[PDB]
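Colleague: The structure follows.
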Amino acid sequence: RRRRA
Amino acid sequence: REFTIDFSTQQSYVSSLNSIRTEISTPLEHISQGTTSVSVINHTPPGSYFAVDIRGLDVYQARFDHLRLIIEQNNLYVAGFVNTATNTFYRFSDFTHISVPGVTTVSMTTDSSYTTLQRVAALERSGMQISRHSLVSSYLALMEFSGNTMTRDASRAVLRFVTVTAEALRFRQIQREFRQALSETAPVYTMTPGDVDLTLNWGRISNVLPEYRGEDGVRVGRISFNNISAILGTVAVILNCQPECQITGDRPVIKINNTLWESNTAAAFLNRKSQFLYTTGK
Amino acid sequence: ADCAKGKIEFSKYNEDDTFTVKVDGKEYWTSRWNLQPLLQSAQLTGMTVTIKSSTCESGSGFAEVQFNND
Amino acid sequence: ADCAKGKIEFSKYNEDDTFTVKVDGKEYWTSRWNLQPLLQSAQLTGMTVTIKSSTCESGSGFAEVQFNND
Amino acid sequence: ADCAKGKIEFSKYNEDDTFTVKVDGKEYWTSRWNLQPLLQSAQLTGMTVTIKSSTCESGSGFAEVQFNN
Amino acid sequence: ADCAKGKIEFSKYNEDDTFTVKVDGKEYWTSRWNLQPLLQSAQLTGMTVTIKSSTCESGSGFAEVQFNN
Amino acid sequence: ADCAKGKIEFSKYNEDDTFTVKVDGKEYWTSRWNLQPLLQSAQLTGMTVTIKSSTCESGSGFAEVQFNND
């Protein structure tokens, strides 16, 4: 999973 | 719980962040000086959040005061934003498990990934500028926002506000670099590639630092700390090691020549075969 | 086409000596020998990889890949 | 068949240049040269691997292995 | 001369058997397979690389590069 | 025979393209090139290596070695 | 002879496919390709290396190098 804000 | 982040001065801003950190996290025994530490987020059940009221965009004035951020407590992700004038919670698509009582919840089509937000914003974080003026503009964009799908200007606003709230909570380096923009000089903070790399390595750092026992340095991917003051000047709050703690394998660290390495990093440059055989074997 | 952009969910060395990665829920194989350690390093470090190929169905082959830090 | 899934308990370079790993209490050898560094790094980091072969008794050969993120 | 100095932003292997790295906002490529593990290792460990060439130019090939921690 | 078991005290690339390791006070060399990265990795990460060979006198060759974390 | 002992200050891939390292203030190059990733690993991890050669002038060649940990 790519980085979440 | 609800906290305020007050942007009036550097003092008010740092004091706000320190209060949040004290309430939601506990210092590491081996990375703590005085009351300044690398702290681990206290366990909370999944879906627990805290609210952050934004204040002080106009220094010490009770205006621009209708924006609240909803932050998932275990991972410090911004789940969305609340317009307190309209009592409306705009919630990113990856946070349907976060329920806020008493508000109208607008479930958005947009997810909170930096990839999505940067695309919709047409704004890359590396080189992104943040000033007091652009935070006022961001505030106004979020108060004007309506609907279920993020707009360009709302996405730019979220990029700026997440950087100076949640990412600053995580990283004392970002707190230190950004806070200069709050001074009377009103300079501009420019987010650097190194700032961005820190945010992208937060989970990996979180898995490594609980193992630190005074080694001469720490190496996590592209991130290097050469002493305890580098650690403390850079990192403030880490995950409780959550899925972001592990990429693959089950070994947090390897100690090599009195440096604590993320095991995955060492494995990723030690998996080469003989160079002559690699290059001739086309 | 940009077929997939994501983290490597697993990798596999195949009996025909090609190498498979699963990205975005789809499996892609490559016969490029140079890529085997590079793809494992990406998996180990959680790199985002972009698989580029003329067909994007699971089971397609590729020879072009980008390695990102984000 | 999927013969063994788990961490590598030891690895061994053999005099005939094959390479042995012990997984789930059973030893398996491979003649695939490229698997030697890939398996050692998997071993180093505690990566879960799945050995795939026609026979699964300890002492069997393999030419296929999956590197998992478990 | 020194064409570019910095950390590697991304790398890419291309269908034409070239290997691209982006350094300080500019893309450079090499066809030396020796450099693929060296550059990717530099990328994932955050080394500072200095691309050197006879004729520095964006989108141009290289085969001299310094590596610094 | 288990010639030596322990940590690699040093490794050395030799002018004849062989590779030497010192284990448990004794030096051994191998001509197998793929053992060069495997042994250096073992040295860097603190693996216990078991050198196995027909002859185990100091300065002898080997081509079988076990690696343990 | 032992030309230089210390940590690698920098390494450099050269256009003729040789590889240079700077150790204790002196530069040495090697044409042995196998040494390229090994020296890189040594540089990354702070190994103490000993350059060995019959000519020890800076800018000279080498093909023997010892690797030591702390």
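Colleague: Which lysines have a Cα lying under 26 Å from the Cα of G:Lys12, excluding residues fewer than 8 positions away in the same chain?
Modeller: Straight-line reach from G:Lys12, under 26 Å: B:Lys273, B:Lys282, E:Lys5, E:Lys7, E:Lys12, E:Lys22, E:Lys26, E:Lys52, F:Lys12, G:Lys22, G:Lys26, G:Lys52.
Colleague: At a 10 angstrom cut-off on C-beta neighbours, averaged per residue, how do the peptides B:34-46, C:30-42, G:43-55 rank from highest to lowest?
Modeller: Ranked from most to least packed, the peptides come out as C:30-42, G:43-55, B:34-46.
Colleague: Net charge within 9 Å of F:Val21 by Cβ-Cβ distance, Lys/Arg positive one each and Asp/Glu negative one each, not counting F:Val21 itself?
Modeller: Value of the local net charge: 0.
Colleague: What number, rounded to the nearest 500 deg cm²/dmol, is the helix-based mean residue ellipticity at 222 nm of chain B, given -39500 (n - 2.57) per DSSP H run of at least four residues and division by all its residues?
Modeller: Helix contribution divided over all residues of chain B: -9000 deg cm²/dmol.
Colleague: Could you work out [θ]222 nm for chain F from helices alone, using -39500 (n - 2.57) per DSSP H run of at least four and dividing by all its residues? Round to the nearest 500 deg cm²/dmol.
Modeller: After summing the helix terms and dividing by residue count, I get -5000 deg cm²/dmol.
Colleague: Quote the FRET efficiency, to the nearest 0.05, computed for E:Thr55 versus F:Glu15 with a Förster distance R0 of 45 Å and r equal to the Cβ-Cβ distance.
Modeller: 0.80
Colleague: Quick one: F:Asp2, E:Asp24, fewest Cβ neighbours within 10 Å first, how do they rank?
Modeller: Arranged by neighbour count, lowest to highest, F:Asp2, E:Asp24 become F:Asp2, E:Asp24.
Colleague: Please list, in chain and number order, the residues 5+ apart from D:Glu64 or on another chain whose amide H is under 5 Å from its amide H, with Hs placed from the backbone.
Modeller: D:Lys52
Colleague: Hey, another quick one. Please average, across the residues of G:61-68, the number of beta carbons from any other chain that are within 10 Å of each residue's own beta carbon, and give a whole number.
Modeller: Partner Cβ neighbours, averaged per residue: 5.
Colleague: Same structure again: Please name whichever of B:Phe161, D:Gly25, B:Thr115 sits farthest to the positive end of the charge dipole of the protein assembly as shown, dipole taken about the Cα centre and charges placed at Cβ: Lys and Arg +1, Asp and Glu -1.
Modeller: Positive-most Cα among the choices belongs to B:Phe161.
Colleague: In nm, give the distance between the simple-model label positions of B:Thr26 and B:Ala62, each being 7 Å from the Cα along the Cα-to-Cβ direction.
Modeller: Placing both labels 7 Å beyond Cα along the Cβ direction yields 3.9 nm.
Colleague: Could you state the number of Å between the C-alpha centres of segment B:252-282 and segment G:7-70?
Modeller: The two parts, judged by their Cα centres, are 18 Å apart.
Colleague: What do you get for chymotrypsin sites (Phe, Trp or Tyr not before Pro) in segment B:1-51 restricted to DSSP loop and a cutoff of at most 14 other Cβ within 10 Å of the site's Cβ?
Modeller: none
Colleague: Something else about it: Once you keep just the Cα pairs under 8 angstrom separated by 6 or more residues, what percentage relative contact order results for chain C?
Modeller: So the answer I get is 36 percent.
Colleague: With +1 on the Cβ of every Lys and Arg and -1 on the Cβ of every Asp and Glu, and nothing else charged, how large is the dipole of chain C about its Cα centre, in debye rounded to the nearest 20?
Modeller: In debye, rounded to 20, chain C gives about 160.
Colleague: Same structure, new question: Net charge within 13 Å of B:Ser99 by Cβ-Cβ distance, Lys/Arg positive one each and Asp/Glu negative one each, not counting B:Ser99 itself?
Modeller: Counting the neighbours of B:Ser99, the net charge comes to 0.
Colleague: I've got another one for you. If you take the charge dipole of chain G about its Cα centre, with +1 on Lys and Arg Cβ and -1 on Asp and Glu Cβ, which of G:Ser58, G:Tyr13, G:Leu35 is farthest toward its positive end?
Modeller: Highest projection toward the positive end goes to G:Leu35.
Colleague: Any idea how far the Cα center of segment F:9-69 sits from the one of segment B:99-147, in Å?
Modeller: 57
Colleague: Given only helices, namely DSSP H runs of n ≥ 4 each adding -39500 (n - 2.57), what is the per-residue ellipticity at 222 nm of chain D, to the nearest 500 deg cm²/dmol?
Modeller: Helix contribution divided over all residues of chain D: -5000 deg cm²/dmol.
Colleague: Let me confirm one metric for peptide G:11-21, namely the mean number of other chain beta-carbon atoms within 10 Å of its residues' beta-carbons.
Modeller: Average per residue, whole number: 5.
Colleague: With charges only on Cβ, +1 for K and R and -1 for D and E, what is the dipole size of the protein assembly as shown about its Cα centre, in debye, rounded to 20?
Modeller: 1160
Colleague: I'd like the mean, over residues of E:14-21, of how many other protein chain beta carbons sit within 10 Å of each residue's own Cβ.
Modeller: Partner-chain Cβ atoms within 10 Å, mean over residues of E:14-21: 3.
Colleague: Can you list which of the GluC sites (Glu not before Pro) found in chain F are DSSP loop residues with at most 14 other C-beta atoms within 10 Å?
Modeller: F:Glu15, F:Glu57
Cβ atoms come from the backbone with ideal geometry, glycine included; neighbour counts cover every protein chain shown. Computed from the coordinates by the stated procedures, all read-outs in this text should not be read as laboratory data.
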